[PDB]
Amino acid sequence: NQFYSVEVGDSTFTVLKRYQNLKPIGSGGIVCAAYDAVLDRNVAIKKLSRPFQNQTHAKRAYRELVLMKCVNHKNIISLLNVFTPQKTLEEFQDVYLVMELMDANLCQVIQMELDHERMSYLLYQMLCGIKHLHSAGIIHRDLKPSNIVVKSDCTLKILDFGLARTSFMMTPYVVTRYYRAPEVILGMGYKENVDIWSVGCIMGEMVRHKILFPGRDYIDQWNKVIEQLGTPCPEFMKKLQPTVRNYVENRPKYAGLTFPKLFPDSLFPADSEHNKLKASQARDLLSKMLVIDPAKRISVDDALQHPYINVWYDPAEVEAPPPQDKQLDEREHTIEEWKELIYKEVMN
Ligand SMILES: COc1cc2c(cc1Cl)C(c1cccc(Br)c1)=NCC2
């Protein structure tokens, strides 16, 4: 048998014999660190249990399997291996995904104090990933630090591909909503720079070491947004559904704090002239990203050319090739049907 099983937490991991020494690293997909004897290197292994179990699990598992293939960029996840220990479609239960192991998630990194060099390099890489996604026709809409990983050398990868076209799940785990753009919160149409919002949230948490827009749900969250950024102006409301527009115009109204107030000099390295200049530059970029109205929010291409960001700028990394299904995102199936779609993709 080419497989063996081991208990990793209260999960069984049945994996190819090449992967040894499974240490758990993730939960909520369960994720392990292992050593790959064939490649003589460390890897992350993630187990999807019955990913065909419902539409939500299935749409995501399937979509991200196929989207893996038409994407190739150092700032986006790529798989080393995909396998199932089960021998037939009938017996099929689990998919395991393998990638090169990384050192930390972005949550852990946000907790640290970081110089402008590492901070701006992280942000540059997020923009490169997002640009590559956009160039392939993928608007993420759901970036969060928990799905971003870093190596010690500050290299970065995005691990998921966001939302599709919902959506109920009987699990006790919560969806993190804090990085979603106003237009996602308020059910608007969106464009590429929806993902710029998420980046500002992350950048801002890196400075503040505190989630920018928290809340039980979108009600609390929207309050957190207008009380810091202030009520959006008339022409923003005009693009809201008449029902959403009513509720938004009827909330307590705010002037909104300035960006020096939101992010004082005290939060920044500002001990040399270099850092004083970078502080101003960081704040200026934040002020252009954390913009409620997407018509005035900065684009990915403009953010890449921002002074804070452009010191890293590489044509290789920015204007990388956009390769390579179609009706993916809009498809609707049953358990039986998603099981086979998934099995086919795991087996090729
Ligand atoms: C610290 O290293 C990691 C930590 C995690 C993950 C990947 C890596 Cl490389 C994944 C992940 C995500 C997709 C596929 C695979 Br394989 C792994 N999820 C969150 C924890």
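Heads up: numbering here begins at 1 and tracks the sequence. Every heavy atom of this structure was used, including side-chain atoms; hydrogens, water molecules and symmetry mates were not.
- In this structure, the side chains of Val184 and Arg177 stay at 4.5 Å or more apart for every pair of heavy atoms.
- Between the CD atom in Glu100 and the CG atom in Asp36 there is a gap of 12.0 Å [rounded to 0.5 Å].
- The local environment of NZ in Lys224 is sparse, with at most 12 non-hydrogen atoms from other residues, nucleotides or ligands closer than 6.0 Å.
- Using a 4.0 Å cut-off between charged side-chain N and carboxylate O, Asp293 and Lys239 make a salt bridge.
- More than 12 heavy atoms of other residues, nucleotides or ligands shown are found within 6.0 angstrom of CG on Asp271.
- Defined by atom type and a distance below 3.5 Å, a donor-acceptor pair is missing between the side-chain atoms of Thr243 and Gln241.
- Using a 3.5 Å distance cut-off with no hydrogens or angles, the side chains of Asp153 and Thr155 do pair a donor with an acceptor.
- In terms of heavy atoms, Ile30 sits closest to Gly26 at CG2-O, 3.4 Å.
- Pairs of residues two or more places apart, or lying in two chains, never qualify as ring-ring contact (aromatic ring centres under 6.0 Å, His included) while including a residue from residues 255-280.
- Summarising the local packing, NZ of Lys17 is surrounded by more than 12 heavy atoms from other residues, nucleotides or ligands at distances under 6.0 Å.
- Note on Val82: it clusters hydrophobically with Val71, by side-chain heavy-atom contacts below 4.5 Å among ILVMFWY residues.
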Run the side chain to side chain donor-acceptor pair (under 3.5 Å) check on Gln86 and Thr84 step by step: do they pass?
CA-CA 5 Å; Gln86 288 93 36; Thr84 185; 3.0 Å; yes

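- For CD1 of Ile335, the number of neighbouring non-hydrogen atoms (other residues, nucleotides, ligands) closer than 6.0 Å is 12 at most.
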Go through the steps to decide whether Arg60 and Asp160 satisfy the test salt bridge (charged side-chain N to carboxylate O under 4.0 Å, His left out), and finish with yes or no.
CA-CA 9 Å; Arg60 184 114 184 165; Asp160 84 308; 2.5 Å; yes

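- Heavy-atom contacts from other residues, nucleotides or ligands closer than 6.0 Å to NZ of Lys87 number more than 12.
- Contact check for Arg180 versus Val175: side-chain heavy atoms found under the 4.5 Å cut-off.
- The closest donor-acceptor contact from the side chain of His140 to the backbone of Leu143 lies under 3.5 Å.
- Under a cutoff of 6.0 Å and an axis angle of 45°, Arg41 and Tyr35 do not form a cation-pi pair.
- Hydrophobic clustering (side-chain heavy atoms under 4.5 Å, transitive across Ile, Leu, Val, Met, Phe, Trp, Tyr) groups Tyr313 together with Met203.
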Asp325 vs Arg63, test: salt bridge (charged side-chain N to carboxylate O under 4.0 Å, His left out). Steps then yes/no.
CA-CA 9 Å; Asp325 200 302; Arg63 176 160 125 96; over 6 Å; no

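- For the pair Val300/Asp195, no side-chain contact is recorded, criterion being any heavy-atom separation below 4.5 Å from C-beta on.
- Residues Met99 and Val38 are members of separate hydrophobic clusters, defined by side-chain heavy-atom contacts under 4.5 angstrom among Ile, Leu, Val, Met, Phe, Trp and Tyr.
- If you look at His333 and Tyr62, their ring centroids are not closer than 6.0 Å.
- The distance from atom OG1 of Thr56 to atom CE of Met170, rounded to the nearest 0.5 Å, is 12.5 Å.
- At a threshold of 4.5 Å between non-hydrogen side-chain atoms, the residues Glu340 and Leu89 count as touching.
- Taking the six-membered ring for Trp and the full ring otherwise, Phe213 and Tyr179 have centroids separated by 6.0 Å or more.
- The line from CG of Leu163 to CG of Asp329 is 9.5 Å long, rounded to the nearest 0.5 Å.
- Open room surrounds CD on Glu336; 12 or fewer heavy atoms of other groups in view lie less than 6.0 Å from it.
- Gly200 and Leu212 make their closest contact through O-CD2, 3.8 Å (heavy atoms, listed as atom of the first residue, atom of the second, distance).
- By the 4.5 Å heavy-atom criterion applied to side chains, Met206 and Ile202 are counted as neighbours.
- Considering every non-hydrogen atom in both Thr334 and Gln55, the closest pair reads N-NE2, 4.3 Å.
- Minimum heavy-atom separation, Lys46 to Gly29: CE-CA, 3.6 Å.
- Applying the side chain to side chain donor-acceptor pair (under 3.5 Å) test to every pair with at least one member in residues 206-215, sequence neighbours left out, gives these pairs: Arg208-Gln228.
- Here the closest non-hydrogen pair linking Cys154 and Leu122 is O-CD2, 3.6 Å.
- Using a 3.5 Å distance cut-off with no hydrogens or angles, the side chains of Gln125 and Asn75 do pair a donor with an acceptor.
- The local environment of CD in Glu91 is crowded, with over 12 non-hydrogen atoms from other residues, nucleotides or ligands closer than 6.0 Å.
- Using a 4.5 Å heavy-atom threshold, the side chains of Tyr124 and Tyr308 count as separate.
- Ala61 and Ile342 make their closest contact through CB-CD1, 4.3 Å (heavy atoms, listed as atom of the first residue, atom of the second, distance).
- Taking CG of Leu101 as the start and NZ of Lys151 as the end, the distance is 9.0 Å to the nearest 0.5 Å.
- For the side-chain contact (heavy atoms from CB on, under 4.5 Å) test with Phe92, the passing option among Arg50, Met347, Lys339 is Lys339; the others fail.
- One finds the CD1 atom of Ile77 at 11.5 Å from the CG atom of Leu67 (value rounded to the nearest 0.5 Å).
- Using modelled atom types, one finds a donor on one side chain and an acceptor on the other under 3.5 Å when comparing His306 with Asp284.
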Checking side chain to side chain contact (heavy atoms under 4.5 Å, CB included) for the pair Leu127/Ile196: CA distance, chi angles, key distance, verdict?
CA-CA 8 Å; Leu127 293 160; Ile196 288 297; 3.5 Å; yes

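- Side-chain heavy atoms closer than 4.5 Å link hydrophobic residues (I, L, V, M, F, W, Y) into clusters, and following such links, even through other members, never connects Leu257 to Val291.
- Distance alone, capped at 3.5 Å, places no donor-acceptor pair between the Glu345 side chain and the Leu341 backbone.
- By the 6.0 Å contact criterion, CZ on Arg118 is open, its count of non-hydrogen atoms from other residues, nucleotides or ligands being 12 or less.
- Listed for the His132 side chain is no donor-acceptor partner under 3.5 Å among the backbone atoms of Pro322.
- Taking NZ from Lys47 and SG from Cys32, the interatomic distance works out to 10.0 Å, rounded to the nearest 0.5 Å.
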Kindly determine whether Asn147 and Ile158 satisfy side chain to side chain contact (heavy atoms under 4.5 Å, CB included), including the steps that lead there.
CA-CA 6 Å; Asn147 296 316; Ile158 294 167; over 6 Å; no

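- The closest side-chain heavy-atom distance from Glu192 to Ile139 is below 4.5 Å.
- Ring geometry, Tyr19 versus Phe83: the interplanar angle falls under 30°, so the pair is classed parallel (tilted spans 30 to 60°).
- Between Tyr96 and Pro85 there is a side-chain heavy-atom pair separated by less than 4.5 Å.
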Output side-chain donor-acceptor pairs under 3.5 Å for residues 245-256, partner residues at least two apart or in another chain, one line each.
from   : atom 1 : to     : atom 2 : distance (Å)
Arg245 : NE     : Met237 : O      : 3.4
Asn250 : ND2    : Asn246 : O      : 2.5

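- Residues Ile219 and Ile185 fall within the same hydrophobic cluster, defined by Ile, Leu, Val, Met, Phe, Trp and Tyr side chains chained together at heavy-atom separations under 4.5 Å.
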Step-by-step ring pair (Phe, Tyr, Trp, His ring centres under 6.0 Å) determination, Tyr343 to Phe52
CA-CA 10 Å; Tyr343 187 65; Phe52 43 86; 9.8 Å; no

